[PDB]
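Take a look at this single chain, the form solved without its partner chain, given in structure tokens.
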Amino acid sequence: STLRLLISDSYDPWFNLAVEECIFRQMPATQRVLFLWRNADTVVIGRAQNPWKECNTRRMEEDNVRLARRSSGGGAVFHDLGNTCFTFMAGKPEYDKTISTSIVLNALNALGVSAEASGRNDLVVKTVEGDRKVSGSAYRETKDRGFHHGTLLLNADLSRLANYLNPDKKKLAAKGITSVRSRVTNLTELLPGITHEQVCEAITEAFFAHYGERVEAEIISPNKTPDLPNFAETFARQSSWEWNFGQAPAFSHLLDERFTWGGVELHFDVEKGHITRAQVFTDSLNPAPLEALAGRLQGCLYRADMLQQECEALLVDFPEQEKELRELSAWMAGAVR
């Protein structure tokens, strides 16, 4: 058989992306794979994105929404169980993302929805208010294979989608790919019945129809670690701060705050999630600990826990500025979250 059909029972984007990556690396040359999956509360960003610029990382952290960086290109999307994902993989030179797009459009047609491709990566439906995006796609290719993965909005919480994709206003000068915002809708507005299982079946049937074969589905469960080469290491990396946050392209952040005890402005340059240069400007009446902080920050992780550690470490040699340092510490954490 040339097909493989894989259905995930995990709702963890890190698990599901690691499965996708290991399956993809190990895929025989002649195989075509369909992988069908969902993620609970997640924002997934493209390989070259800056999370702090592209989504509300602070709100996500408060609400236990997971950040996942994927290996494909493109922008930032929100997943909950009302969102369904597909991945189609194939070897080159056969691989062509147009084929899998047409398979999804055929599945939607079979369910009674008329959609069409829009721009490079969207599927859109017509509504009384104008065209709405129900799907976003992204792609990855190597010398000898490709995959096309994308979403379908069935019954996603669109108020949460907006919330986590509306970042705090920050002075970030950031390299990387920026998201392209659209107006979206749920398929449930067109088909009130519609379920994840129904959509998975329709996509499955259209995949089988296109290729002229059927195969038995294989279920992948987080209850048994998948016996895929390098799974443990891939999963650990996919889960890590260093991958999801630290892989952001080089950027600068200009942070500033007025305190009762004076103004502080900080300029961080960040590369690979570390502060490679920090500069402090202040009119505090006791600037010494702030000057000490500026030198000590070089090499520090751009992350609240480590920044607060550096602020608070100054209490030993600057105990008279405890009030200032604790205010600075709490502010700075909130400013980089």
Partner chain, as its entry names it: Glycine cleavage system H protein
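Residue numbers count along the first chain shown, from 1.
When the mean C-alpha temperature factors of 81 to 89 and 106 to 114 are read from the deposited coordinates, 106 to 114 comes out higher. For the segment pair 60 to 68 and 303 to 311, the entry gives 60 to 68 the higher mean B-factor, averaged over Cα atoms. The residue among 130, 146, 150, 75 whose C-alpha atom has the highest B-factor in the PDB entry is 130. Among 94, 205, 242, 265, the highest C-alpha B-factor in the deposited entry belongs to 94. Among all modelled residues in its chain, residue 44 ranks in the lowest third by Cα B-factor. The PDB entry assigns residue 135 a C-alpha temperature factor belonging to the lowest third of its chain's modelled residues. Among all modelled residues in this chain, the alpha-carbon of residue 38 has a temperature factor (C-alpha) in the lowest third.
Among the modelled residues of its chain, residue 290 has a C-alpha B-factor that falls in the lowest third, as given in the PDB entry. Annotation for residue 185: CA B-factor lies in the middle third of the chain's modelled residues.
Just so you know, the form solved in complex with its partner chain exists too; it's not on screen, but the next bit is about it.
Shown alone, this chain has one stretch from 183 to 191, 251 to 259, 170 to 178, 226 to 234 that lies within 4.5 Å of its partner chain in the bound PDB entry by heavy atoms: 170 to 178. Among 72, 83, 238, 204, the residue placing a heavy atom within 4.5 Å of its partner chain in the bound PDB entry is 72. A heavy atom within 4.5 Å of its partner chain in the bound PDB entry is found for one listed residue only; from 87, 101, 247, 151, this is 247. For residue 294, no non-hydrogen atom is located within 4.5 Å of its partner chain in the bound PDB entry, even though that partner is not displayed. Among residues of the shown chain, residue 211 is not one whose heavy atoms approach its partner chain to within 4.5 Å in the bound PDB entry. Under a 4.5 angstroms non-hydrogen atom cutoff, its partner chain in the bound PDB entry has residue 142 among its neighbouring residues. For residue 126, no non-hydrogen atom is located within 4.5 Å of its partner chain in the bound PDB entry, even though that partner is not displayed. No member of the trio 58, 158 and 303 reaches its partner chain in the bound PDB entry with any non-hydrogen atom inside 4.5 Å.
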